[PDB]
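Shown next, in structure tokens, is the structure this report addresses.
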Amino acid sequence: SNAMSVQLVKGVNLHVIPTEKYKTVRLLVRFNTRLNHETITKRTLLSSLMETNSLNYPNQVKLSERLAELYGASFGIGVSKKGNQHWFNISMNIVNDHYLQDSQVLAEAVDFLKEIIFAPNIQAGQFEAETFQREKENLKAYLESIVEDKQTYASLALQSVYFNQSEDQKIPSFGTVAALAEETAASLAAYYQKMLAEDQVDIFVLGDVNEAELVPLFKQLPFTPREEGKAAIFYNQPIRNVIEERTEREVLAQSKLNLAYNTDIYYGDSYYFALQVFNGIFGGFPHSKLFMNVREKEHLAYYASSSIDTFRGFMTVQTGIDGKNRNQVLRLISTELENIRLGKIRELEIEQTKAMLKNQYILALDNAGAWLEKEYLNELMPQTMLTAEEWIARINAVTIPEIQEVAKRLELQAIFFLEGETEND
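Per this note's numbering, residue 1396 is the first one in the sequence shown, and the count goes up by one each step.
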């Protein structure tokens, strides 16, 4: 990394990433907190409130007009979940002064950030009511559309079962409708104050910029000191000796059958790369064992795929099926897993998996957003750092015995079945 970092105040750090690769300058202000059922939905709604308008740009006409004054800047706020952390992310893209006539774009963007962050649309301790009710209604609509997609619903429900021992991890990054219902203009204004005072804050600037100009600008943001230590990034939980199986019935044209396994494998771990490849061979890609044997050949699933999370140490298989085939689909999936454990893996399976993993990684090498995310992870975990050359080498070097070991470590923990009711009476 070419990042130059400065402490603004305790817990608030600035990271400048100079580059001539881009004609614009990306800015990211990231508030970091422990994942917490008490604040997930609050953070989610807050991101909508702080984006839509502010005290001095009191409506979307006025805010977008300021963005236009700022040489047609892009601006957004959202949230995400990573391991045991929940991130509140304010992003901006601005054209570099080099391409503008009479401009002070960096100074002008930081002023806009100061407005957004420190002058939200709060009056006497509550968010403005029209704005609050509108955004609350919008978020409810969003969460309802999430839940209406039955694949997404069944994935979230699987996660609730897998993480059932944790009140925090059973909640999606965007919260829940039940949690949203109780939230108010006051609760959100109170939460704003707590986030601003307590979260670890990191500010990134990627573009043709220098540290010397930026430090004075950012020092204008009146952050008070807070704790420097972030929440632990990784989440782990004990392996249970009994598999938990949950079923829900709904009127559906297709049932969902999903499985969650403990991998105990994390970003930066010995078997990290082996897991990347194992996942691709098992269900990650169209040439995978589950695609080829459960979907094709046996025709028992409309789709079957696998995904991994190397911050929470688990892997999921998600299928759409005719509900009558539940037990046969579980046996078929188990068979393919045993086949990988046995090393029953063709050269083309591994070679195709490595090619597709490499192609995907390389693709993102160009992207400024992807670069910022690599920089952030790097900042969190300084010695998990791999160059693009070494990343590719490590993918290339994965062996069958390593894949077999990942497969043996895998341990099924939860099965969620969303069972279609198609028959009346």
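Ideal placement from N, C-alpha and C gives every residue a C-beta, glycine not left out.
Determine which residues share a DSSP beta bridge with residue i and list them.
| i | result |
| --- | --- |
| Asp1544 | Paired residue(s): none; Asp1544 is not in a bridge. |
| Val1474 | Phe1483 |
| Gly1602 | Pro1413 |
| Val1490 | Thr1419 |
| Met1710 | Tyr1656, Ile1703 |
| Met1399 | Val1411 |
| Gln1521 | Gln1518 |
| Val1724 | Per DSSP, none; premise fails for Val1724. |
| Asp1597 | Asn1408, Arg1425 |
| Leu1813 | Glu1643, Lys1651 |
| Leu1807 | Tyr1656 |
| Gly1715 | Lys1651, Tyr1698 |
| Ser1498 | In DSSP, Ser1498 forms no bridge with anything. |
When the Cα of residue i is compared with those of the options, which residue comes out closest?
| i | options | result |
| --- | --- | --- |
| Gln1747 | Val1672, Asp1659, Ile1703, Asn1408 | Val1672 |
| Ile1566 | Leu1551, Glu1578, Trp1786, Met1687 | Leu1551 |
| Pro1633 | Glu1464, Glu1532, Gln1808, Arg1425 | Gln1808 |
| residue 1874 | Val1610, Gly1815, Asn1791, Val1556 | With the chain covering 1396 to 1820 only, the question about residue 1874 has no answer from this structure. |
| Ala1536 | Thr1571, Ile1512, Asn1559, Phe1558 | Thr1571 |
| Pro1620 | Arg1641, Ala1592, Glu1731 | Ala1592 |
| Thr1782 | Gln1554, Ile1795, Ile1757 | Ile1757 |
| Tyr1630 | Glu1797, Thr1705, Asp1820, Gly1520 | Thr1705 |
| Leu1685 | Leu1423, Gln1713, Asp1664 | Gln1713 |
| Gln1615 | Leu1501, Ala1627, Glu1785, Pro1777 | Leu1501 |
| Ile1703 | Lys1416, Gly1678, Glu1640 | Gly1678 |
| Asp1664 | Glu1460, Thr1779, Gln1455 | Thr1779 |
| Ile1740 | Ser1701, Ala1696, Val1793 | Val1793 |
| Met1710 | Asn1408, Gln1554, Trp1786 | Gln1554 |
| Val1401 | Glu1623, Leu1575, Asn1559, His1493 | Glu1623 |
| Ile1716 | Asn1734, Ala1549, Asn1762, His1481 | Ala1549 |
| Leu1609 | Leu1403, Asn1819, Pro1777 | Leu1403 |
| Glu1578 | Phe1527, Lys1509, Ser1540 | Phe1527 |
| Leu1752 | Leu1725, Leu1772, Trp1786 | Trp1786 |
Would you kindly work out how many angstroms separate the C-alpha atoms of residue i and residue j, rounded to a whole number?
| i | j | result |
| --- | --- | --- |
| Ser1582 | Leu1652 | 38 Å |
| residue 1852 | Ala1750 | With the chain represented from 1396 up to 1820, any question about residue 1852 goes unanswered, as that position is not in the structure. |
| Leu1601 | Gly1764 | 9 Å |
| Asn1605 | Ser1486 | 19 Å |
| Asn1451 | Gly1478 | 36 Å |
| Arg1425 | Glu1768 | 11 Å |
| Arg1707 | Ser1561 | 12 Å |
| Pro1453 | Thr1547 | 35 Å |
| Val1505 | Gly1467 | 15 Å |
| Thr1434 | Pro1617 | 23 Å |
| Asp1544 | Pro1413 | 42 Å |
| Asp1497 | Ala1514 | 27 Å |
| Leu1538 | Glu1532 | 10 Å |
| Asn1657 | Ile1511 | 41 Å |
| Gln1755 | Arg1421 | 23 Å |
| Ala1655 | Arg1641 | 12 Å |
| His1682 | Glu1770 | 32 Å |
| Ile1790 | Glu1784 | 10 Å |
| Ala1627 | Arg1429 | 8 Å |
| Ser1396 | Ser1729 | 43 Å |
| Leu1465 | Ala1607 | 22 Å |
| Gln1499 | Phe1599 | 18 Å |
| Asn1674 | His1481 | 25 Å |
| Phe1507 | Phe1613 | 12 Å |
| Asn1559 | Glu1639 | 10 Å |
| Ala1788 | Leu1575 | 46 Å |
| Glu1415 | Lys1457 | 33 Å |
For residue i, which residues in the same chain have their Cβ closer than 6 Å to its Cβ, ignoring the five residues on either side in sequence?
| i | result |
| --- | --- |
| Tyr1666 | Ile1660, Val1801 |
| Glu1643 | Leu1813 |
| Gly1815 | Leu1647, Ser1650, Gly1718 |
| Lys1625 | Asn1427, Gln1595 |
| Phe1569 | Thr1439 |
| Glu1744 | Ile1676 |
| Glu1797 | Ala1669 |
| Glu1523 | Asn1516 |
| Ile1541 | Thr1547 |
Using a Cβ-Cβ cutoff of less than 7 Å, which residues in the same chain neighbour residue i once the five nearest sequence positions on both sides are dropped?
| i | result |
| --- | --- |
| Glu1774 | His1410, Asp1597 |
| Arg1736 | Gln1799, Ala1802, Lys1803 |
| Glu1693 | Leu1727 |
| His1432 | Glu1562, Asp1563, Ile1566 |
| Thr1419 | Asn1488, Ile1489, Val1490, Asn1491, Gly1602 |
| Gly1738 | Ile1795, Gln1799 |
| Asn1688 | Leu1727, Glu1731 |
| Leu1462 | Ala1468, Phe1470 |
Apart from the five residues just before and just after residue i, which ones in its own chain have a Cβ nearer than 8 Å to its Cβ?
| i | result |
| --- | --- |
| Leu1441 | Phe1483, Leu1583, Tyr1586, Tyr1587, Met1590 |
| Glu1530 | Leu1440, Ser1443, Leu1444, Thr1447 |
Could you tell me whether any non-hydrogen atom of the ligand NAP is closer than 7 Å to the CB of residue i?
| i | result |
| --- | --- |
| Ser1442 | The ligand NAP is absent from the structure shown, which contains no ligands of any kind. |
Complete alpha helix (DSSP H) runs within the stretch 1527-1591 (minimum length 4 residues, chain order): 1545-1557, 1572-1576
Beta strand (DSSP E) segments (min. 3 residues) lying fully within the stretch 1626-1705: 1639-1646, 1650-1657, 1698-1704
Runs of alpha helix (DSSP H) wholly within the stretch 1421-1461 (minimum 4 residues, chain order): 1435-1447
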